[PDB]
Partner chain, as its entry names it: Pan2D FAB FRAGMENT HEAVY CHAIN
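Take a look at this one chain, the form solved without its partner chain, written out in structure tokens.
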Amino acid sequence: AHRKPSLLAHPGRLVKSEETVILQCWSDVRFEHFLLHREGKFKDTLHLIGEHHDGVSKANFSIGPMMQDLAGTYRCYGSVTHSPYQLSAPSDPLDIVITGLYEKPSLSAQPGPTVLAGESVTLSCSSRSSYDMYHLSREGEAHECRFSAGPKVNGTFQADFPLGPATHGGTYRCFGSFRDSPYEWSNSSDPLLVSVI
């Protein structure tokens, strides 16, 4: 049990539909072998060899055009040839999410895109579609605040995400999602520009 390798996903963790994604999995420690894996129903693990280009030891595990069922919790391992080399400790889990699959919500103005400092800017997500849950990206350089929506409230389906006290601004994206399929997200809502004057 050497030491969990890397497993970083670029150019994104959050992959679009039908497209490219290279799950790189390196370790400072030499690793003749690498193995990827995922907790999604319809799983697999790849036995790829490992390229040592530069004094590290990578493995560029390429996924195909992101089709639905490839989305899920990836996590590689590493080791040394021939008979079962037992693999090292599991790396830090990756959540590969396939987007572009459903309608783009609407990053709601209300309150409002241009607030004054220290006020309460609380974003939200409207959609006629039944997105059991929602998601919110970037806050100066952020990631995700994936939360559950409100019921069939006279048309829409919202998920008010409050940021209340505001000290900066930035762009945001809302991603519609269904319950029974957590990595299978929708399309991106037009990016919203919060800022502070």
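Positions refer to the first chain, counted from 1.
Absent from the display: the form solved in complex with its partner chain. The rest refers to it.
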Check your understanding: Considering 52, 168, 128, 143, which brings a non-hydrogen atom within 4.5 Å of its partner chain in the deposited bound form?
Key -> 128
**Study point:** Joint contact, 68, 103 and 178 to its partner chain in the deposited bound form, by non-hydrogen atom at 4.5 Å
**Key:** yes
Point to revise | residue 139 within 4.5 Å of its partner chain in the deposited bound form, heavy atoms | key: no
**Study point:** Partner proximity in the deposited bound form: residue 157 to its partner chain, non-hydrogen atom cutoff 4.5 Å
**Key:** yes
Check your understanding: Looking at 24-32, 52-60, 128-136, 160-168, which lies within 4.5 angstroms of its partner chain in the deposited bound form, counting heavy atoms?
Key -> 128-136
